[PDB]
$ cat entry-v1.cif   # mmCIF, N, CA and C atoms
data_final
#
loop_
_atom_site.label_atom_id
_atom_site.label_comp_id
_atom_site.auth_asym_id
_atom_site.auth_seq_id
_atom_site.Cartn_x
_atom_site.Cartn_y
_atom_site.Cartn_z
N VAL W 1 0.78 3.18 9.36
CA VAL W 1 1.36 3.57 8.04
C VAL W 1 0.53 2.95 6.92
N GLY W 2 0.79 3.33 5.70
CA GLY W 2 0.03 2.75 4.55
C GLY W 2 -0.39 3.84 3.56
N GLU W 3 -0.42 5.08 4.00
CA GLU W 3 -0.83 6.21 3.10
C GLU W 3 -0.14 6.11 1.73
N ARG W 4 1.09 5.66 1.72
CA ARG W 4 1.85 5.54 0.45
C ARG W 4 1.09 4.63 -0.55
N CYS W 5 0.22 3.78 -0.07
CA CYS W 5 -0.53 2.90 -1.01
C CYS W 5 -1.66 3.67 -1.69
N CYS W 6 -2.66 4.11 -0.95
CA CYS W 6 -3.78 4.88 -1.60
C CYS W 6 -3.20 6.03 -2.43
N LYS W 7 -2.16 6.66 -1.95
CA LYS W 7 -1.53 7.79 -2.71
C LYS W 7 -0.97 7.30 -4.05
N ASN W 8 -0.73 6.02 -4.17
CA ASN W 8 -0.16 5.47 -5.44
C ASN W 8 -1.10 4.44 -6.09
N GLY W 9 -2.09 3.98 -5.39
CA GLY W 9 -3.03 2.97 -5.98
C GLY W 9 -2.24 1.74 -6.42
N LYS W 10 -2.30 1.41 -7.69
CA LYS W 10 -1.53 0.22 -8.19
C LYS W 10 -0.03 0.38 -7.88
N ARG W 11 0.44 1.60 -7.80
CA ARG W 11 1.89 1.83 -7.48
C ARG W 11 2.18 1.49 -6.02
N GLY W 12 1.16 1.48 -5.21
CA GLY W 12 1.35 1.17 -3.76
C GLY W 12 1.12 -0.32 -3.49
N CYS W 13 0.47 -1.02 -4.39
CA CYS W 13 0.21 -2.47 -4.17
C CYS W 13 1.52 -3.22 -3.90
N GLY W 14 1.54 -4.01 -2.87
CA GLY W 14 2.77 -4.78 -2.51
C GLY W 14 2.60 -5.33 -1.10
N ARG W 15 3.40 -6.30 -0.71
CA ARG W 15 3.25 -6.89 0.66
C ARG W 15 3.15 -5.77 1.71
N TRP W 16 3.94 -4.73 1.58
CA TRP W 16 3.84 -3.60 2.56
C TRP W 16 2.41 -3.10 2.59
N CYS W 17 1.89 -2.66 1.48
CA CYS W 17 0.48 -2.19 1.46
C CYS W 17 -0.43 -3.34 1.87
N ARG W 18 -0.19 -4.52 1.38
CA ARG W 18 -1.04 -5.69 1.76
C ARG W 18 -1.13 -5.80 3.29
N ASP W 19 -0.04 -5.61 3.98
CA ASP W 19 -0.07 -5.74 5.47
C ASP W 19 -0.24 -4.38 6.17
N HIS W 20 0.18 -3.32 5.54
CA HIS W 20 0.09 -1.97 6.19
C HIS W 20 -0.99 -1.09 5.54
N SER W 21 -1.58 -1.50 4.45
CA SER W 21 -2.57 -0.61 3.79
C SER W 21 -3.80 -1.36 3.28
N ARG W 22 -4.96 -1.07 3.80
CA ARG W 22 -6.20 -1.72 3.27
C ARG W 22 -6.62 -0.90 2.04
N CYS W 23 -5.78 -0.84 1.04
CA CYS W 23 -6.10 -0.01 -0.16
C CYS W 23 -5.71 -0.74 -1.46
N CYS W 24 -5.28 -1.98 -1.39
CA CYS W 24 -4.87 -2.71 -2.63
C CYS W 24 -5.52 -4.09 -2.70
#

$ encode --input "entry-v1.cif" --output "structure tokens"
Amino acid sequence: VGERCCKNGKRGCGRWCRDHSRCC
């Protein structure tokens, strides 16, 4: 999972993206 981060950029930044998304 993690697509929600790149799809939101700064809106996706958060511990979730930090651990589930290499995009923030």

$ residues_around --input "entry-v1.cif" --residues "residue 19 in chain W" --least-positions-apart "3" --cutoff "8 Å" --atoms "all atoms listed in the file" --output "number ranges by chain"
W: 1-2, 14-16, 22

$ atom_distance --input "entry-v1.cif" --atom1 "CA of residue 7 in chain W" --atom2 "atom N of residue 20 in chain W"
13.9 Å

$ atom_distance --input "entry-v1.cif" --atom1 "atom C of residue 3 in chain W" --atom2 "atom C of residue 24 in chain W"
12.4 Å

$ select_by_dssp --input "entry-v1.cif" --residues "chain W" --states "alpha helix (DSSP H)" --output "mmCIF file with N, CA and C atoms, keeping the file's coordinate frame"
data_model
loop_
_atom_site.group_PDB
_atom_site.id
_atom_site.type_symbol
_atom_site.label_atom_id
_atom_site.label_comp_id
_atom_site.auth_asym_id
_atom_site.auth_seq_id
_atom_site.Cartn_x
_atom_site.Cartn_y
_atom_site.Cartn_z
ATOM 1 N N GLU W 3 -0.420 5.080 4.000
ATOM 2 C CA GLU W 3 -0.830 6.210 3.100
ATOM 3 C C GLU W 3 -0.140 6.110 1.730
ATOM 4 N N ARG W 4 1.090 5.660 1.720
ATOM 5 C CA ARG W 4 1.850 5.540 0.450
ATOM 6 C C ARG W 4 1.090 4.630 -0.550
ATOM 7 N N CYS W 5 0.220 3.780 -0.070
ATOM 8 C CA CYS W 5 -0.530 2.900 -1.010
ATOM 9 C C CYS W 5 -1.660 3.670 -1.690
ATOM 10 N N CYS W 6 -2.660 4.110 -0.950
ATOM 11 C CA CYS W 6 -3.780 4.880 -1.600
ATOM 12 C C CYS W 6 -3.200 6.030 -2.430
ATOM 13 N N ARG W 15 3.400 -6.300 -0.710
ATOM 14 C CA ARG W 15 3.250 -6.890 0.660
ATOM 15 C C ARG W 15 3.150 -5.770 1.710
ATOM 16 N N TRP W 16 3.940 -4.730 1.580
ATOM 17 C CA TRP W 16 3.840 -3.600 2.560
ATOM 18 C C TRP W 16 2.410 -3.100 2.590
ATOM 19 N N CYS W 17 1.890 -2.660 1.480
ATOM 20 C CA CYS W 17 0.480 -2.190 1.460
ATOM 21 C C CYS W 17 -0.430 -3.340 1.870
ATOM 22 N N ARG W 18 -0.190 -4.520 1.380
ATOM 23 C CA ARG W 18 -1.040 -5.690 1.760
ATOM 24 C C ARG W 18 -1.130 -5.800 3.290
ATOM 25 N N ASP W 19 -0.040 -5.610 3.980
ATOM 26 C CA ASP W 19 -0.070 -5.740 5.470
ATOM 27 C C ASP W 19 -0.240 -4.380 6.170
ATOM 28 N N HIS W 20 0.180 -3.320 5.540
ATOM 29 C CA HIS W 20 0.090 -1.970 6.190
ATOM 30 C C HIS W 20 -0.990 -1.090 5.540
#

$ resolve_selection --input "entry-v1.cif" --expression "the PyMOL selection byres (((chain W and resi 23 and name CA) around 8) and name CA)" --output "list in words"
residues 5, 6, 9, 13, 17, 18, 21, 22 and 24 of chain W
